[PDB]
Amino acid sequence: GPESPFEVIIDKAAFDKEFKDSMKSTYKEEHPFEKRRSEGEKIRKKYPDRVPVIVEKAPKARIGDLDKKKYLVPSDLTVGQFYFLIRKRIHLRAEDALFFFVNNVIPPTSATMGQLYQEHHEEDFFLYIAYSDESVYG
């Protein structure tokens, strides 16, 4: 039996702070916060049944880029279904790898986009998803 020490791991709040901006977003860098928040707030009021989503390629990803970054997604569509739709947009074959990341974690396919947004949207009222052929963002 070990009196050897435990590795004392951080909790959710410390994780969230440690990795807050660890996923890059050219969208966040090219548009000032107040303008994003304004547009995000307005689109949620105009279409309450949909959520605004920014989808961008991870820097290390070896995979085609997306023609469009800004997605307005019905809240009852699951993550798995949105993934299937984005796969078609990249023109990936079914055997090809594709992974989604929200705050450095792959969300389960059964989550609705409405739940994902409600749980993880940023203060500008957008949800940020990065994608990669790798099973980790970085």
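One-based numbering along the sequence shown.
Going by the mean C-alpha B-factor recorded in the entry, which is higher: 100-108 or 26-34? Higher mean C-alpha B-factor in the PDB entry: 26-34.
So, looking at the entry's B-factor column for Cα atoms, which has the higher mean, 53-61 or 89-97? Taking the mean B-factor of the alpha carbons in each, 89-97 is higher.
Pull the Cα B-factor of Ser132 out of the PDB entry and bin it into the chain's lowest, middle or highest third. Its C-alpha B-factor, which the entry lists for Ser132, ranks in the lowest third among residues of this chain.
Comparing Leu72 with the other modelled residues of its chain, is its CA B-factor in the lowest, middle or highest third? It falls in the bottom third of the chain.
Splitting the chain's C-alpha B-factors into thirds, which one does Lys12 fall into? Its C-alpha B-factor belongs to the lowest third of this chain's values.
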